[PDB]
Amino acid sequence: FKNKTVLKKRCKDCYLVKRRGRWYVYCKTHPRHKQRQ
Amino acid sequence: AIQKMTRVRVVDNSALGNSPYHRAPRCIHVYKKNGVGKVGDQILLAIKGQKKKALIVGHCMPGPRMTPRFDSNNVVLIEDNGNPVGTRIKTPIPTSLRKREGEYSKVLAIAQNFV
Amino acid sequence: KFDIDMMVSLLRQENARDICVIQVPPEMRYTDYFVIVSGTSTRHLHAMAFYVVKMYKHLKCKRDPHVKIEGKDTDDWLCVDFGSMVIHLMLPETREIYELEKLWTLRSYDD
Amino acid sequence: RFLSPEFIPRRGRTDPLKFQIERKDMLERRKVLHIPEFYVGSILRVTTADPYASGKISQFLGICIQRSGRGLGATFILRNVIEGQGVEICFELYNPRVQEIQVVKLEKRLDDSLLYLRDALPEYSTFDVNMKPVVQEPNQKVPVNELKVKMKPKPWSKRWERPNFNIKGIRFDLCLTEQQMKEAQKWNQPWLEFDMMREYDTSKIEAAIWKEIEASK
Amino acid sequence: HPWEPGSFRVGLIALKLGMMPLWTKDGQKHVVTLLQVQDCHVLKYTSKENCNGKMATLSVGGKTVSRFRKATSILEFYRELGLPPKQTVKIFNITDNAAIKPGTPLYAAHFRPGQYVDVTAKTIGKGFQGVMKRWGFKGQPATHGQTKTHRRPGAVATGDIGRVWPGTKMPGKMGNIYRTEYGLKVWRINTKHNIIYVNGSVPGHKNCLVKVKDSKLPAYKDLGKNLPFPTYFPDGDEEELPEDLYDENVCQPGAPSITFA
Amino acid sequence: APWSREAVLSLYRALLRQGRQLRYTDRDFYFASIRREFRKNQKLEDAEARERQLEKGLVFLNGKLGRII
RNA sequence: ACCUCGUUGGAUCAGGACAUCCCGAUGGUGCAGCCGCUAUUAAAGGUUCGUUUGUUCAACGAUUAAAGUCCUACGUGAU
Ligand SMILES: [Mg+2]
Ligand SMILES: [Mg+2]
Ligand SMILES: [Mg+2]
Ligand SMILES: [Mg+2]
Ligand SMILES: [Zn+2]
């Protein structure tokens, strides 16, 4: 994960999910895209 | 027990050990978390204005029973890799060196006498 | 059993460039057999030492404690200490400069 | 009759049952290993099995410079020089791995402790490794070697000339000035040989220990 | 009852006789301490509800003492029990499987060699001690101008809090408090004199009563299978035990001198 | 110079004789080592070192201080 | 709007923060394993000895798993 103030989807498979209280960008294809609010 | 600044006797065939010098060889560092070297511990020596590793093979401090106590703090010069600098050790070497953790087979092979 | 016969057989099988054996008398409180073997290079020394150690580990004597490999960091001299025999692997220059043969055959009759 | 020093207990509040148990173990070990009579100053050869080797014995010959400890842990430290290197080994008498204790030369010295041989000349600690055992007559008092050793220069392991050591086996006249001897006399403590409450009477204890040993036989 | 997993049996109250060496077949020397079980009896039993917890309790005493020097209530208690009074009474937490009738004696063979044990006793009292001896403080240098402070505590707190924290290490009474040594191996048991040879050191002085119980360490959780579960009963006479029970590794005296062949 | 002229030769012969039944070591290396020991030194010593050299050779022949097997 | 210049450590004992130096757990990596780099979490524990310098420091030597950044009226001098 990379901590970002603003979450931006990078590829098509990047999806926003609110988990354990905060927003995340997960991605199956590109785990490099993993972002945490 | 050999600490920093202890003067030590190089019991070895090496030129560094057998070469005369104004300052006697003196322990500079004991490669042990407590700065106390026993038989089998490595130390760093200031010999002839040169820093050389060495191995303790005897000391005046009493150890556990059945082990020999020497009249001097005997040390053997070794290289950084571990090869003994000299090729012959004249004074007796304690046999307790064998089972201690650490490489001592080279020193035992070089040694002439055991006590 | 893992004995000097197994040792020499394994060493000849891996083709040590030179092998010598010394029968240490019992009154000398070190061991029974003093094996000294030369090799082509540090890679060959490491390979043969590893092979003989694996054979010792796999062969027998589960009650016998495991055995170190000494001299790994240095390249020109390795050594392995077993219960009753010690092997010294080295290069020809190391062997000729340390003359372990004269030491271990002539205890106090050399220089 | 010689009672080995380790049998006589140092005084204390320890229960006599502990000493009885320890003496039982000591005698039961002596039934296996013959612990000969010897004194500080007698030359001994000790053969002991080495755990570092595989069932191989090691022999050390030297002059017993100190007897110490009581009970099963009793030790004697004996000294020699090997290739000019002074060495001392403190052997445990009842260690199960001492195969044999041989009194090469049974003799008593002027002192009950020869720790000053460290500061004496190396000849007084040198002993041939292969020296043959001497023989003493069966009915004969143990010889007392009145040898007075010569000392190396004054910096010593201990201030041997001080009266608290009560050393008789050193030639102080050779190495110390009369002024130095007089200065050492400042620590005399003459009352210490006359305070009667300091003496430890072990007659009854030795008698009981002898009864125990004879019963063990 | 037979032994079950999770069962805790009673311990003993022994007397520290002293220490002696011992050797193992590997050639190593272990110092061992002798604990003599002297007139140790189960005195009292209480259930889980009134045990100040949730485990049955056995009060056990040892080292019979003079009736002339005990309080009337203690004398009455021991009169009802039918036993002479004991010097110290210690409470052992047990499961109901291990309940033993009060008055039953306890012996050193209640333990067995190879078992691990916990020994708790009052440590040697050293009186009011300074901080250098009590807590191993470094003190101050002997010279170079140091005056009247060599063994004193330095600062005892920071200036901000304007106070001294509770539990601050300060000079005071050292020792004479109960301490427990855990995981000590039982090397040997003299059944004749009821001696337990326990590995290493035991808190307290010689001839002091120590409380001995099965070790609570997790490694030795279920080693009680082969131990006499309620306790050892010599009256049972199933097999009269030898004079000395040894651990396997112990170099017994009278054995031929060990050779590392 | 040596103890006797034939002592060295007899010792060398006995060394080769006991190398005849050599079992575990390298026979070629053993012979090469003996040749080195007896050729790199025994040409131009002084009359005093000959006794030490032959004594050490005899001790090695005896093999009480460790023998080559 | 010219020049200048206006109480401090150490020792002892440390309390605390985490913005973590090491030890722990994870995500990613322009890391195949080894590794390094980066980020999240983690303050239970630990965090060396010397030479020159009064050094506050700094450099150097030898180590270390690491030789953390700080606050505590130099933290602490009725020690
Ligand atoms: Mg001294
Ligand atoms: Mg001090
Ligand atoms: Mg003062
Ligand atoms: Mg954090
Ligand atoms: Zn993506």
Side-chain angles (χ1 to χ4, degrees), chain A residues 1-11 13-37, chain B residues 1-8 16 22-38 40-56 75 77-82 101-102, chain C residues 43 46 50 72-73, chain E residues 128-172 174 218:
Chain A
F1 293 95
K2 277 305 295 295
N3 278 42
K4 309 282 290 303
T5 51
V6 64
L7 292 191
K8 299 168 55 60
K9 295 158 46 169
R10 294 168 68 92
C11 76
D13 290 20
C14 290
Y15 54 107
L16 289 163
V17 290
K18 175 182 262 171
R19 294 176 180 175
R20 63 197 69 88
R22 57 159 59 85
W23 282 104
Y24 292 89
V25 188
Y26 277 76
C27 178
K28 308 157 294 302
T29 47
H30 314 103
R32 175 187 294 99
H33 296 174
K34 275 192 179 177
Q35 293 157 81
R36 173 203 292 111
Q37 186 197 17
Chain B
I2 293 169
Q3 314 167 333
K4 290 189 179 200
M5 293 264 160
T6 64
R7 294 152 308 186
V8 82
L16 288 175
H22 35 104
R23 315 298 162 92
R26 171 169 250 102
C27 177
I28 290 318
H29 181 79
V30 176
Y31 289 101
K32 201 169 177 182
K33 307 268 190 163
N34 62 333
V36 175
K38 305 292 183 164
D41 297 331
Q42 290 191 2
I43 57 180
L44 178 63
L45 243 46
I47 308 204
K48 298 213 306 179
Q50 168 178 347
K51 285 171 287 187
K52 178 62 72 186
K53 277 205 223 300
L55 188 87
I56 304 172
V75 80
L77 291 185
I78 59 176
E79 301 283 355
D80 294 351
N81 54 47
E101 275 65 24
Chain C
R43 174 73 268 177
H46 196 88
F50 171 80
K72 273 185 262 221
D73 50 352
Chain E
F128 198 104
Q129 284 304 324
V131 66
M132 277 195 50
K133 192 188 270 293
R134 194 181 181 194
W135 308 111
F137 283 13
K138 283 203 54 56
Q140 292 77 39
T143 63
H144 292 290
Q146 300 298 312
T147 56
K148 304 226 285 182
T149 80
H150 300 293
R151 315 177 54 82
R152 294 172 61 178
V156 293
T158 79
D160 185 22
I161 64 171
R163 66 185 183 99
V164 181
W165 276 99
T168 298
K169 291 174 188 305
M170 285 176 137
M174 170 159 68

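Note: hydrogens, waters and symmetry copies are ignored here, and every other heavy atom, side chains too, is used. Naming: A, B, ... by sequence-line order, numbering from 1 per chain.
Annotation: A17(G) and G45(G) have their P atoms spaced 10 Å apart (nearest Å). Rounded to a whole angstrom, the distance from the P atom of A11(G) to that of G6(G) is 28 Å. Using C1' as the reference atom, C13(G) and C74(G) are 15 Å apart when rounded to the nearest Å. For the P atom pair drawn from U52(G) and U26(G), the interatomic distance equals 49 Å after rounding to whole Å. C49(G) sits 37 Å from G33(G) when the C1' atoms are compared, rounded to a whole Å. Spacing between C57(G) and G10(G) at atom P, rounded to whole Å, works out to 6 Å. Taking the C1' atoms as reference points, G24(G) lies 10 Å from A44(G), given to the whole Å. Nucleotides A73(G) and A67(G) have their P atoms positioned 30 Å apart, rounded to a whole Å.
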task: Please step through side-chain contact (heavy atoms from CB on, under 4.5 Å) for the pair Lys133(E) and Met174(E), ending with a clear verdict.
output: CA-CA 9 Å; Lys133(E) 192 188 270 293; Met174(E) 170 159 68; 3.6 Å; yes

- request: Applying side-chain contact (heavy atoms from CB on, under 4.5 Å), run through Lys4(A) and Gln37(A) and close with a yes or a no.
  value: CA-CA 5 Å; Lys4(A) 309 282 290 303; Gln37(A) 186 197 17; over 6 Å; no

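The furanose ring of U20(G) falls on the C2'-endo (south) side of the pseudorotation cycle, as its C1'-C2'-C3'-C4' torsion is below zero. Judged by the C1'-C2'-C3'-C4' torsion, which is negative here, the sugar of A19(G) sits on the south, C2'-endo side.
Here SG of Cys14(A) is found 11.0 Å from NZ of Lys8(A). Values are rounded to the nearest 0.5 Å. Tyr26(A) contributes atom OH, which lies 15.5 Å from atom CG of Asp13(A) (distance to the nearest 0.5 angstrom).
The nearest whole Å value for the distance from the NZ atom in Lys4(B) to the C1' atom in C49(G) is 4 Å. At whole-Å resolution of the value, CE in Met132(E) and P in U12(G) are 12 Å apart. Put simply, CD1 on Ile2(B) is 21 Å from P on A62(G), counting in whole angstrom units. Taking atom CG of residue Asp160(E) and atom P of nucleotide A17(G), one finds them 14 Å apart after rounding to whole Å.
In terms of heavy-atom proximity, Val75(B) sits nearest to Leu45(B) at CG1-CD2, 3.8 Å. Of all heavy-atom pairs between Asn3(A) and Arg36(A), the closest is OD1-NH1, 2.5 Å. Across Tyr31(B) and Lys53(B), no two heavy atoms sit closer than the pair OH-NZ, 3.0 Å. For the pair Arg163(E) and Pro166(E), the tightest heavy-atom approach, listed with the atom from each and the gap, is NH1-CD, 3.7 Å.
Using a cut-off of 5.5 angstrom for ring-centre distance and 30 degrees for interplanar angle, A25(G) is classed as stacked on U26(G). Stacking status of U47(G) with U48(G): not stacked, per the base-ring test of centres under 5.5 Å and planes under 30°. Both conditions of the stacking definition, centres under 5.5 Å apart and planes under 30° apart, are not jointly satisfied by the base rings of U20(G) and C21(G).
You'll find that the side chain of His29(B) is closest to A62(G), out of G28(G), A62(G), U12(G). When distances run from any side-chain atom of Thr158(E) to the nucleotides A62(G), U72(G), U76(G), the shortest one goes to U72(G). Proximity note for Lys51(B) (side chain, C-beta onward) versus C13(G), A62(G), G15(G): the nearest is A62(G). Minimum atom distance to the side chain of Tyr31(B) is reached by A62(G), of the listed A62(G), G27(G), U72(G).
Enclosure of atom NZ in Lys32(B) by more than 12 non-hydrogen atoms of other residues, nucleotides or ligands within 6.0 angstrom is indicated.
In this structure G54(G) is not paired with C18(G), as neither the Watson-Crick nor the G-U wobble definition is met at both distances under 3.5 Å. With both distances under 3.5 Å, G61(G) pairs with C49(G) in Watson-Crick or G-U wobble fashion. With the cut-off at 3.5 Å for both distances, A19(G) forms no Watson-Crick or G-U wobble pair with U4(G). Judged by the 3.5 Å cutoff on both pairing distances, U26(G) and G50(G) do not qualify as a Watson-Crick or G-U wobble pair. A Watson-Crick or G-U wobble pair does not link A39(G) to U79(G) when both relevant atom distances must lie under 3.5 Å.
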Between the protein and nucleotides 33-43 of chain G, which nitrogen or oxygen pairs are less than 3.5 angstrom apart?
{"from": "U40(G)", "atom 1": "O4'", "to": "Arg36(A)", "atom 2": "NH1", "distance (Å)": "3.4"}

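Nearest-nucleotide mapping onto RNA chain G: of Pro141(E) and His33(A), the residue sitting toward the 5' end is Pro141(E). Mapped onto RNA chain G by nearest heavy atom, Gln146(E) and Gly159(E) fall at different nucleotides, with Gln146(E) at the one closer to the 5' end.
Close to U63(G), at under 4.0 Å from its OP1 or OP2, lies a side-chain N or O of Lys53(B). A close approach under 4.0 Å does occur between a side-chain nitrogen or oxygen of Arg32(A) and OP1 or OP2 of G30(G).
Against the 90° criterion about 0, the sugar-base torsion of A25(G) places it in the anti range.
The shortest distance between side-chain heavy atoms of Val164(E) and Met170(E) falls below 4.5 Å.
Nucleotide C57(G): unpaired (no Watson-Crick or G-U wobble partner with both distances less than 3.5 Å). Within the shown strands, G36(G) is the pairing partner of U29(G) under the Watson-Crick or G-U definition, both distances less than 3.5 Å.
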